[PDB]
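Let me begin by presenting the structure, written as structure tokens, before commenting on it.
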Amino acid sequence: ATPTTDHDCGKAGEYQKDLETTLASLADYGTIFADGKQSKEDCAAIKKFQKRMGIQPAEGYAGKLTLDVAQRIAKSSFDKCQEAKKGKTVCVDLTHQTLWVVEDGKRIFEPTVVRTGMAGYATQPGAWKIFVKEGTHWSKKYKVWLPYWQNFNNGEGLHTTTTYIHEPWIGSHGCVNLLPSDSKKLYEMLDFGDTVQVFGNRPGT
Amino acid sequence: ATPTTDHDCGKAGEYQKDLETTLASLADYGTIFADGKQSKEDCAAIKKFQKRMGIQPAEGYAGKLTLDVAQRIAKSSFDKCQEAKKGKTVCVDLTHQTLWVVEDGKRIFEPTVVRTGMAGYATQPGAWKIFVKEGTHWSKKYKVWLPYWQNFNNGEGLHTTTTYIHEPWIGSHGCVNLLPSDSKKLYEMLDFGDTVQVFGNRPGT
Amino acid sequence: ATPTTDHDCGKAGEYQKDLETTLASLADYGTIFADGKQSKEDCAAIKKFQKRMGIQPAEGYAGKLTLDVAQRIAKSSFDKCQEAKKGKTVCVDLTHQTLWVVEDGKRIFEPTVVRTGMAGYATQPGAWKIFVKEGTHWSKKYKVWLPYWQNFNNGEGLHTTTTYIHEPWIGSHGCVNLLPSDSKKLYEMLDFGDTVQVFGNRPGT
């Protein structure tokens with residue numbers, strides 16, 4: 001009913017108010033008091049969001065990264081993703097660096113964070129079908145193991161990120177990097193022939 | 001109780017009567033009126049069968065291919081498949097170009113369509129154990145990705161067909177081609193060491 | 001309530017009494033009468049244990065191997081396995097040649113038998129994270145397919161044993177050999193980044 005002002009998290013960060021508002025509109029992170037003040041409830045909501053989106057540490061602090069990610073998730077361009085006729089469509093919003101999945105006109109996987117091709121390695125827009133799935137793929141070019149590999153376009157694929165996903169300057173080299181939990185879930189959910197619909201443009205690419 | 005004569009399918013094809021009879025004996029495609037006349041019920045049954053057996057389009061037309069497939073399924077040589085002592089036995093009837101699975105004296109996977117080796121590439125008869133499973137196998141010989149690969153004999157394996165399975169002249173080159181739904185299901189069901197029992201002979205090979 | 005003295009198993013083996021006692025303490029193999037006499041109940045318990053631990057044949061005979069395996073399972077060094085902070089920890093007790101799994105301070109996979117590196121090929125002790133998973137791995141060094149491959153240290157990995165696991169002189173060459181049932185279960189249970197904690201020393205290595 002009312003905020004618990006005694007909590008074990010930091011004093012409210014600069015973006016507390018805007019983050020609270022954004023998370024409340026997402027409507028999946030529990031009780032939120034949109035007042036710009038940190039509370040036990042707001043801290044729990046922020047930590048839950050941070051854990052889900054792989055923000056490390058998940059310490060409840062309403063920092064710039066956490067607000068930026070929350071806004072990207074909230075602004076995911078649902079109306080810009082062309083759904084394929086058959087199977088599922090993996091919607092890859094390059095502009096917001098988010099991903100969701102649709103089947104038969106309904107979202108079956110809610111937006112999550114991704115990291116796509118950095119400057120010089122931009123992920124090619126288009127409609128691409130998954131044609132290779134490997135539990136772990138050895139990249140001959142990059143000399144690295146890529147978990148939960150799903151190739152959709154000439155070696156551009158979905159896979160578990162091998163570096164911290166929120167560092168924009170170290171990846172990707174064309175692939176769609178995913179958090180471990182999301183990559184595993186998508187590996188189980190998606191079929192051969194499902195469409196990866198890549199649209200927009202990653203800022204700075 | 002009685003056929004619905006008003007339907008959105010074509011006027012009955014030449015093999016309507018025989019197809020209705022065959023599907024009724026299969027006893028898994030719903031209400032059928034074995035009268036040689038197309039109805040809403042018979043059309044639904046035929047479409048369901050066509051979808052299950054990967055006949056494209058599944059438009060409810062009692063054509064030659066659909067009857068031929070239905071008869072192959074119905075005539076699957078259950079008594080010609082030697083069951084292995086341990087694990088499951090994948091029964092590959094080369095004569096009828098069908099496949100089913102038995103375990104502990106009972107069928108756990110009902111007959112489905114396959115395409116095995118064409119003339120010059122006939123699939124070798126015998127009792128063969130699955131010893132390699134790959135989510136996707138790259139064939140070095142044929143330069144193609146083969147989904148849900150299960151190798152049982154020197155590179156002759158189960159996998160998802162890469163071309164329309166009902167075209168007899170374009171495959172296989174020795175492997176047992178399967179429909180996508182069936183290949184995935186068999187990949188999940190079958191274990192290392194399960195026996196692939198290949199018998200009969202593909203007509204024209 | 002009382003032993004059924006009429007059974008279809010052999011006259012009691014030399015280690016009947018000690019095996020009965022060990023299996024009773026394991027407390028998962030049903031009714032046991034710890035009297036040194038074979039019975040229908042004791043035979044059933046011994047066969048169940050033999051089947052679970054891949055002792056072939058599982059004929060209910062209280063032989064040396066069966067007692068040795070039972071004692072290894074019972075003496076598994078639970079307090080010697082350092083649990084990792086994140087994910088699951090696969091505890092590999094080289095001294096007892098057994099394996100179990102812990103998560104959040106609790107065992108989620110009870111001890112089973114393994115075979116690790118033989119003399120000259122001893123499995124390296126330490127804390128190692130699973131970084132490659134393959135349904136079947138082709139060993140270039142040993143020219144063999146290894147099912148349910150989970151690489152944790154420079155090609156030392158978990159996989160299904162390719163030879164009878166209870167023959168100490170024919171393996172392994174560094175890997176942790178597992179029974180088929182256990183390897184499949186661990187392949188499904190374990191994640192990338194789970195820790196393989198290898199400790200102790202295989203006797204004679």
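Chain labels A, B, ... are given in the sequence in which chains occur in the structure tokens; within each chain residues are numbered consecutively from 1, and ligands are likewise numbered from 1 in the order shown.
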Got a sec to pull out which chain B residues are within 9 Å of chain A, counting only C-alpha atoms, and send them as a compact mmCIF listing (two decimals) with C-alpha atoms, in the first residue's frame?
```txt
# COMPACT_ATOMS: atom_id res chain seq x y z
CA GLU B 134 23.79 -33.95 -34.76
CA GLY B 135 21.28 -31.07 -34.63
CA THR B 136 22.52 -30.20 -38.11
CA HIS B 137 25.03 -32.28 -40.10
CA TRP B 145 23.13 -29.06 -44.15
CA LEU B 146 21.03 -32.00 -42.92
CA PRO B 147 18.79 -31.24 -39.91
CA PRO B 180 10.36 -31.85 -40.58
```
Using only C-alpha atoms, what does the table of segment 79-178 of chain C residues within 10 Å of segment 49-58 of chain C look like, with each row giving the shortest atom pair and its distance in Å to one decimal, sorted by chain and ascending number, as a tab-separated table?
```
residue	atom	partner	partner_atom	distance
C:111	CA	C:53	CA	9.9
C:112	CA	C:53	CA	6.7
C:113	CA	C:53	CA	6.3
C:114	CA	C:53	CA	9.4
C:164	CA	C:54	CA	8.6
C:165	CA	C:54	CA	7.8
C:166	CA	C:55	CA	7.3
C:178	CA	C:54	CA	9.8
```
With C-alpha atoms retained, could you export that selection as a PDB file, in the first residue's frame?
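So again-v2.pdb came out as:
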```
ATOM      1  CA  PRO C 111      26.295 -40.328  -6.742  1.00  0.00           C
ATOM      2  CA  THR C 112      26.886 -42.509  -9.784  1.00  0.00           C
ATOM      3  CA  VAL C 113      29.902 -44.384 -11.148  1.00  0.00           C
ATOM      4  CA  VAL C 114      32.464 -42.856 -13.504  1.00  0.00           C
ATOM      5  CA  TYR C 164      32.400 -51.263 -20.537  1.00  0.00           C
ATOM      6  CA  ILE C 165      32.843 -48.739 -17.720  1.00  0.00           C
ATOM      7  CA  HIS C 166      33.857 -51.276 -15.068  1.00  0.00           C
ATOM      8  CA  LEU C 178      29.688 -41.974 -17.857  1.00  0.00           C
TER       9      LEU C 178
END
```
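Once residue 163 of chain B and its same-chain neighbours fewer than 6 positions away are set aside, residues 170, 171, 172, 177 and 179 of chain B remain within 10 Å of it when counting only C-alpha atoms.
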Query raised in the report: Hey, what does DSSP flag as alpha helix (DSSP H) within segment 22-122 of chain C? Can you give it to me as a list in words?
Result: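 Selecting the alpha helix (DSSP H) positions of segment 22-122 of chain C gives residues 22, 23, 24, 25, 26, 40, 41, 42, 43, 44, 45, 46, 47, 48, 49, 50, 51, 52, 64, 65, 66, 67, 68, 69, 70, 71, 72, 73 and 74 of chain C.
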Keeping only N, CA and C atoms, take the residues you just selected and write them out as a PDB file, in the first residue's frame.
```pdb
ATOM      1  N   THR C  22      25.559 -52.423   2.944  1.00  0.00           N
ATOM      2  CA  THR C  22      25.857 -51.206   2.194  1.00  0.00           C
ATOM      3  C   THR C  22      24.612 -50.677   1.484  1.00  0.00           C
ATOM      4  N   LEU C  23      23.904 -51.554   0.776  1.00  0.00           N
ATOM      5  CA  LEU C  23      22.697 -51.156   0.047  1.00  0.00           C
ATOM      6  C   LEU C  23      21.597 -50.655   0.978  1.00  0.00           C
ATOM      7  N   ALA C  24      21.474 -51.269   2.151  1.00  0.00           N
ATOM      8  CA  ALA C  24      20.504 -50.808   3.146  1.00  0.00           C
ATOM      9  C   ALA C  24      20.798 -49.366   3.581  1.00  0.00           C
ATOM     10  N   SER C  25      22.076 -49.039   3.782  1.00  0.00           N
ATOM     11  CA  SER C  25      22.465 -47.672   4.160  1.00  0.00           C
ATOM     12  C   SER C  25      22.223 -46.659   3.031  1.00  0.00           C
ATOM     13  N   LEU C  26      22.321 -47.107   1.778  1.00  0.00           N
ATOM     14  CA  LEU C  26      21.999 -46.257   0.627  1.00  0.00           C
ATOM     15  C   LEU C  26      20.503 -45.947   0.573  1.00  0.00           C
ATOM     16  N   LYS C  40      14.450 -63.498  -2.458  1.00  0.00           N
ATOM     17  CA  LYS C  40      13.798 -62.831  -3.583  1.00  0.00           C
ATOM     18  C   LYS C  40      13.919 -61.311  -3.454  1.00  0.00           C
ATOM     19  N   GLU C  41      13.804 -60.814  -2.225  1.00  0.00           N
ATOM     20  CA  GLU C  41      13.836 -59.379  -1.953  1.00  0.00           C
ATOM     21  C   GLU C  41      15.252 -58.826  -2.114  1.00  0.00           C
ATOM     22  N   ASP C  42      16.223 -59.511  -1.520  1.00  0.00           N
ATOM     23  CA  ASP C  42      17.617 -59.091  -1.619  1.00  0.00           C
ATOM     24  C   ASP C  42      18.118 -59.181  -3.058  1.00  0.00           C
ATOM     25  N   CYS C  43      17.719 -60.232  -3.772  1.00  0.00           N
ATOM     26  CA  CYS C  43      18.071 -60.366  -5.181  1.00  0.00           C
ATOM     27  C   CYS C  43      17.519 -59.205  -6.009  1.00  0.00           C
ATOM     28  N   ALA C  44      16.261 -58.841  -5.772  1.00  0.00           N
ATOM     29  CA  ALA C  44      15.648 -57.713  -6.473  1.00  0.00           C
ATOM     30  C   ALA C  44      16.402 -56.410  -6.196  1.00  0.00           C
ATOM     31  N   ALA C  45      16.779 -56.192  -4.937  1.00  0.00           N
ATOM     32  CA  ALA C  45      17.525 -54.995  -4.547  1.00  0.00           C
ATOM     33  C   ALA C  45      18.894 -54.935  -5.231  1.00  0.00           C
ATOM     34  N   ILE C  46      19.590 -56.067  -5.250  1.00  0.00           N
ATOM     35  CA  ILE C  46      20.918 -56.146  -5.853  1.00  0.00           C
ATOM     36  C   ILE C  46      20.838 -55.927  -7.369  1.00  0.00           C
ATOM     37  N   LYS C  47      19.863 -56.561  -8.017  1.00  0.00           N
ATOM     38  CA  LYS C  47      19.648 -56.374  -9.455  1.00  0.00           C
ATOM     39  C   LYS C  47      19.343 -54.915  -9.803  1.00  0.00           C
ATOM     40  N   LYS C  48      18.530 -54.261  -8.978  1.00  0.00           N
ATOM     41  CA  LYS C  48      18.195 -52.851  -9.182  1.00  0.00           C
ATOM     42  C   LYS C  48      19.443 -51.974  -9.103  1.00  0.00           C
ATOM     43  N   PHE C  49      20.278 -52.234  -8.105  1.00  0.00           N
ATOM     44  CA  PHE C  49      21.534 -51.525  -7.955  1.00  0.00           C
ATOM     45  C   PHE C  49      22.468 -51.783  -9.141  1.00  0.00           C
ATOM     46  N   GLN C  50      22.601 -53.048  -9.529  1.00  0.00           N
ATOM     47  CA  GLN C  50      23.469 -53.426 -10.637  1.00  0.00           C
ATOM     48  C   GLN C  50      23.039 -52.759 -11.945  1.00  0.00           C
ATOM     49  N   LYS C  51      21.734 -52.750 -12.212  1.00  0.00           N
ATOM     50  CA  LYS C  51      21.194 -52.064 -13.388  1.00  0.00           C
ATOM     51  C   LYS C  51      21.505 -50.569 -13.356  1.00  0.00           C
ATOM     52  N   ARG C  52      21.268 -49.932 -12.211  1.00  0.00           N
ATOM     53  CA  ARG C  52      21.495 -48.494 -12.084  1.00  0.00           C
ATOM     54  C   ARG C  52      22.962 -48.130 -12.286  1.00  0.00           C
ATOM     55  N   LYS C  64      32.445 -59.342  -6.015  1.00  0.00           N
ATOM     56  CA  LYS C  64      33.401 -58.334  -5.562  1.00  0.00           C
ATOM     57  C   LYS C  64      33.166 -56.973  -6.223  1.00  0.00           C
ATOM     58  N   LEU C  65      32.941 -56.967  -7.536  1.00  0.00           N
ATOM     59  CA  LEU C  65      32.715 -55.711  -8.254  1.00  0.00           C
ATOM     60  C   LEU C  65      31.508 -54.974  -7.688  1.00  0.00           C
ATOM     61  N   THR C  66      30.419 -55.698  -7.462  1.00  0.00           N
ATOM     62  CA  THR C  66      29.187 -55.082  -6.982  1.00  0.00           C
ATOM     63  C   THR C  66      29.366 -54.475  -5.591  1.00  0.00           C
ATOM     64  N   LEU C  67      30.063 -55.184  -4.707  1.00  0.00           N
ATOM     65  CA  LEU C  67      30.365 -54.646  -3.383  1.00  0.00           C
ATOM     66  C   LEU C  67      31.284 -53.426  -3.481  1.00  0.00           C
ATOM     67  N   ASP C  68      32.328 -53.529  -4.302  1.00  0.00           N
ATOM     68  CA  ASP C  68      33.273 -52.425  -4.497  1.00  0.00           C
ATOM     69  C   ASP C  68      32.560 -51.163  -4.986  1.00  0.00           C
ATOM     70  N   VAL C  69      31.670 -51.318  -5.961  1.00  0.00           N
ATOM     71  CA  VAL C  69      30.905 -50.181  -6.476  1.00  0.00           C
ATOM     72  C   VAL C  69      29.977 -49.608  -5.401  1.00  0.00           C
ATOM     73  N   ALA C  70      29.270 -50.482  -4.687  1.00  0.00           N
ATOM     74  CA  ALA C  70      28.378 -50.058  -3.607  1.00  0.00           C
ATOM     75  C   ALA C  70      29.114 -49.274  -2.527  1.00  0.00           C
ATOM     76  N   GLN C  71      30.307 -49.739  -2.163  1.00  0.00           N
ATOM     77  CA  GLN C  71      31.128 -49.064  -1.159  1.00  0.00           C
ATOM     78  C   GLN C  71      31.643 -47.713  -1.658  1.00  0.00           C
ATOM     79  N   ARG C  72      32.037 -47.654  -2.928  1.00  0.00           N
ATOM     80  CA  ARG C  72      32.470 -46.391  -3.539  1.00  0.00           C
ATOM     81  C   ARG C  72      31.350 -45.354  -3.501  1.00  0.00           C
ATOM     82  N   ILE C  73      30.144 -45.774  -3.873  1.00  0.00           N
ATOM     83  CA  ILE C  73      28.975 -44.900  -3.850  1.00  0.00           C
ATOM     84  C   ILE C  73      28.709 -44.421  -2.419  1.00  0.00           C
ATOM     85  N   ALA C  74      28.736 -45.350  -1.466  1.00  0.00           N
ATOM     86  CA  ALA C  74      28.476 -45.027  -0.061  1.00  0.00           C
ATOM     87  C   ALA C  74      29.541 -44.110   0.543  1.00  0.00           C
TER      88      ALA C  74
END
```
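Between atom CA of residue 28 of chain B and atom CA of residue 101 of chain B there is a distance of 17.7 Å.
Secondary structure from DSSP on the backbone puts strand (DSSP E) at the following positions of segment 75-104 of chain B: residues 89, 90, 91, 92, 93, 98, 99, 100, 101, 102 and 103 of chain B.
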**Report entry** Separation of atom CA of residue 159 of chain A from atom CA of residue 126 of chain A in Å
**Finding:** 18.4 Å
**Report entry** Pick from B:98, B:190, B:162, B:125 nearest to residue 150 of chain B, counting only C-alpha atoms
**Finding:** B:190
Report task. Figure out the distance between atom CA of residue 173 of chain A and atom CA of residue 121 of chain A, please, to one decimal in Å. Result ->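 So the answer is 5.1 Å.
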Query raised in the report: Between A:33, A:128, A:142, A:61, which has the minimum distance to residue 198 of chain A (counting only C-alpha atoms)?
Result: A:128
